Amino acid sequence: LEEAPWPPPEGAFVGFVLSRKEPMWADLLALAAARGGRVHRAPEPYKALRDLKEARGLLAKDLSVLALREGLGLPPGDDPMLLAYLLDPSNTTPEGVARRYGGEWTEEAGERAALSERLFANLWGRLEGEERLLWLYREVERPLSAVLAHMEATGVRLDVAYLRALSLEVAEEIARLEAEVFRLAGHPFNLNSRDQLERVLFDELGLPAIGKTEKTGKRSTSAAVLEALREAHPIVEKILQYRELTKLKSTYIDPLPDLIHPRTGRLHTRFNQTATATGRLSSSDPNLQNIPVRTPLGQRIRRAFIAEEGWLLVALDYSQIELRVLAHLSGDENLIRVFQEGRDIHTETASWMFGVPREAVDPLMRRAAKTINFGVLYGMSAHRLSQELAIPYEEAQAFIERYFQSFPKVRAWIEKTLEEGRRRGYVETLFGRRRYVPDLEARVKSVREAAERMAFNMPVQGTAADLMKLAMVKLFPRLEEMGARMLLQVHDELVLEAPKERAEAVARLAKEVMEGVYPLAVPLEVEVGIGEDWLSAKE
């Protein structure tokens, strides 16, 4: 384009270069804009931010987050990435979008601004006529990007000193386990090397090899195969404990406290909006959507996430979300009655697993039951279900058969979805979000059936993500007016931060908004708790 003097006119498309992918940590190297056949390159990008009223262009949210970091209210506007992601959720990166819709993603702000303009015009034209996708764009994704920008810039408080001390305790427990392993193996070696561990367990020792690795065909040392040998040898027990502790230490305990931002004093993730095939968000740098919780040690890690002084965390989580969605999508009256009668299928399944009754189930049992219910639903095999549960193969067959028989209309909806998927090439959510699944007609059974599992899972998981996103859109302005903050989303859950004097009203308000986000043939129920830390707020 023709070079034009900064500032650009309103509504121009922006381009920007960051020193690193994380907006909260990045140095803004260059800033440019393009409109009306002109290009505008900023002489000093930081000062030039003040001239923009809106971040409109590729990766708009990132720039908006960096602006909020600098105290500037620069909301994100149109982003061609959001248009492409709605056209096809395999559009996940600017490189691929440009290579697909006519452009080149470079490292120069001016070119990124010019690309943003062309790509918007092209993708906008491609969506001309996709009424449902346009609705998702205007009413969910585009306003959501603003919500996520505020969440990313706000961050979450972390009890660093607590995690530092925990790192030292866990270290001593790791050393003891390592010593028991070396002594049992008769020599030292790198316990973190699965290749070296393979030799010890299966060659040196005579333990049988349950399974192989996918790509290289090596004897697997995964927990699933080692769990089979939890009695066939004692060193296996200690190795599983060693991995558990090193996993949590190396992934969470040690890195997280080193990511506190100097200006905010809090921990800042990134909520990626075009990263999944089903419409879910993802979290990275660091991923705060997979903080441990299953084990007592993992719960100790959760307690590190705390509220600012004078505030309280509010945790809200949808109940049996994808099962309620399946009720609406399929119409199985039996399944609708379950929820219109207040029954809990996770608890009910936990009863048959552990042979204990209703009131006896604790969270640990119910978690196990939750994996079973969704495992069976989305196509787990009797052989694997026999592996888990530790019941005979026939006993796993009967459970899967009774599971689907309890809700007869579910299996019928699956086939309608696949038929439509085969005919149409894609499956869609309740709101029309699409995922393309061409392999539904592949000639290799394994490939075809794998694609089938992906196909009929997407409308359920995708609808749940749609509902959550829409709830965040509706809830955010209500939180601001009450002086509350939205901190985290974990697919079917939100963590808010509210002043102590308002935490109660915020919790009630957020519960109502999430439950009424979009009435279905089944009621949506939300569980809510308040506490000083993430764990106590969710229990």
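Each residue number is its position in the shown sequence, starting from 1. Heads up, when I say rigid core I mean the largest set of C-alphas that superpose within 1.5 Å between the two forms.
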property: Positional deviation of Cα atoms in 8 other deposited structures of this protein after core superposition, greater for 235 to 243 or 253 to 261; result: 235 to 243
property: Larger mean CA deviation from the shown form in 8 other deposited structures of this protein [core fit; 165 to 173 vs 265 to 273]; result: 165 to 173
property: Stretch exceeding the other in mean C-alpha B-factor - 280 to 288, 371 to 379; result: 371 to 379
property: Higher-scoring stretch by recorded Cα B factor average, 51 to 59 or 35 to 43; result: 35 to 43
property: Residue with maximal Cα B-factor (values as given in the PDB entry) among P23, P9, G531, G516; result: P9
property: Of the residues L133, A98, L313, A228, the one carrying the largest Cα B-factor as recorded; result: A228
property: Relative C-alpha B-factor of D79, binned into the chain's lowest, middle or highest third; result: lowest
property: Assigned third (lowest, middle, highest) for the C-alpha B factor of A521; result: highest
property: Ranked against its chain, the third holding the CA B-factor of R324; result: middle
property: CA B-factor ranking of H346, expressed as a third of its chain; result: highest
property: Chain thirds of CA B-factor: placement of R194; result: lowest
